[PDB]
Structure formats: C-alpha cells, structure tokens
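Next up: just one chain, as structure tokens, the form deposited in one PDB entry.
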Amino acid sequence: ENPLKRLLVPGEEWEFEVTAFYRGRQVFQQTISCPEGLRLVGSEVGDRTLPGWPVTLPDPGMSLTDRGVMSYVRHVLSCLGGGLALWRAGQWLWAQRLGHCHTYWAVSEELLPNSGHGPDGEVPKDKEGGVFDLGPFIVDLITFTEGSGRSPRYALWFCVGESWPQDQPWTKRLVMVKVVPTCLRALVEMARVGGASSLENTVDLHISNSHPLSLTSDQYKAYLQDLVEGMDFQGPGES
C-alpha cells in the first residue's frame, strides 16, 4: 500500500533530467525516460545501435566563441563513441563508459561542483560501476525530516575528458553533464516544504504511470520508513 514503493516496482521508469555545460555555461537540457537508461553521445550517426536512449551533446560552435575551449569540446565529442551510459537496476544507478573519453563522476548539489579535491571516481569501461544507491539516500532523507541531518544529495555530475591518459579534466571541468533523477529532487522538496507546513503537500514522483500524491508530514515519514524495508543494506559482517 506504500505509494513510494512504486519507485522500485518492476517496469517503473524514472525520468532523468540531463543538463550539459561547456565551460560552466548551460548549452543543453533534455529529460528522458527509458528502461535501459541513457547514453551521452557526441554524434547521432551511430545513435540507437546500442541499448539506452541517446542524448546528443551540441556542437560548441552554437554557444561559445573561445576557440581554445571550442577545440577541446570538439575533441571530447570525438572520443564519446558509444557514450557514457547511465541506467537503473533496482535501488542502484549504474554507469559505464562505452567510448574512448576518460569520464569522471561525483554525487553533489545541483550547482556545478568546483574542483574541490577531485571526483568520486572514474567511470569504468570494462564493467559497470555503481554511482548511486537509493538506500542510504532514503535513510539520509529520513534523518533530514528529523532536523538532525541536512538535505541529501541526488545530483550526478559527469566530467568528460579526452581519450588522452594525461588529460586532467576535473581541474577545469570544461565539459560537465548533470543528471538528476527527478523523483529524488521531488522527494527532497516534499520533505523540505512539507516539513515546514501543517498543510497537506502534494508530490509528483515523475515516474511512469503515476499521479501526484497529497500526503501529510506524518504519512510521508511513515512511508519513507517502510520504503527502507524495500531495499538492501549490507551488514558489517555480511558477504
């Protein structure tokens, strides 16, 4: 009876908002839904040959003037190949770099992350790599509704560099693509808005075959608690 468990029902499709930035400037945005997820590509020639919805990054000639940056971005569109794949399987979001560009990822806020101290890791090519687990996110969301914890992050940032092994793209972050599972942005909003008001709030999970839901703060909290029973959490001493 938990409406939130729909997030994990077999066949449910999440909506992914993709926003691209060249040198920190937004040059593209598209929201997609696909069972096999999506693939960030630079060319449409070999668009739908592989599984996953192809999202084509635009030629920089239509957004910037800096020739030095323009050259780099075109080199990146060139190594993309099959592309950066991102998809969901259960409570996990997986990524895999199918082309030739060294691509790095990080979970962060909705703002383009600055250099800081590096990305969370490099997206693997030989095998899939886990980049987000809904379990800990929901646990942290529950903690947020209790005031003892801040708003949990849900934005995935992918820094795409060249095929060259020496290139250190995270430093300048010239090609950045944010992917936001809109259901997670909504869950945080529901918590942020609903928690500060006694009035019933409405939530749109932005998932397939679903309608917005009006819930009181106590109902939402009880549903988050039960949703936790719908996911895996590894024990300290468990294999």
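Take the two forms, find the largest set of C-alpha atoms that superpose within 1.5 Å, and that set is the rigid core. Numbering starts at 1 and runs along the sequence shown.
As for the form deposited with a partner chain bound, it is not shown, yet the points below apply to it.
Self-check item: Exercise: residue 162 in contact with the partner chain in the bound PDB entry, heavy atom 4.5 Å
Solution: Yes, residue 162 is a contact residue.
Exercise. May I ask you to check whether residue 150 falls inside a 4.5 Å heavy atom distance of the partner chain in the bound PDB entry?
Key: It does: once the partner chain is placed as it appears in the bound PDB entry, residue 150 has a heavy atom within 4.5 Å of it.
Quiz item: For residue 155, is any heavy atom within 4.5 Å of the partner chain in the bound PDB entry, or not?
Solution: Taking the distances in the bound PDB entry, the answer for residue 155 is no, it never comes within 4.5 Å of the partner chain.
Quiz item: Do residue 106 and the partner chain share at least one heavy atom pair within 4.5 Å in the bound PDB entry?
Solution: Contact check for residue 106: no, nothing within 4.5 Å of the partner chain in the bound PDB entry.
Quiz item: Considering only 82, 152, 169, 135, which residue exhibits a C-alpha shift of no less than 2 Å between this form and the one not shown, with the rigid core used for superposition?
Solution: That would be 169.
Quiz item: Is residue 48 one of the residues whose C-alpha moves 2 Å or more between this form and the one not shown after the core fit?
Solution: After core superposition, the C-alpha of residue 48 moves 2 Å or more between this form and the one not shown.
Exercise. Just say closer or farther for the C-alpha distance from residue 163 to residue 104 in the bound PDB entry, relative to the shown form; it changes by 3 Å or more.
Key: Closer is correct, given that in the bound PDB entry the C-alpha spacing of residue 163 to residue 104 is reduced by at least 3 Å.
Practice problem: Might you say whether the CA atoms of residue 170 and residue 23 end up closer or farther apart in the bound PDB entry than in this form? Their distance differs by 3 Å or more. | Solution: It is closer: in the bound PDB entry, the C-alpha atoms of residue 170 and residue 23 lie at least 3 Å nearer than they do here.
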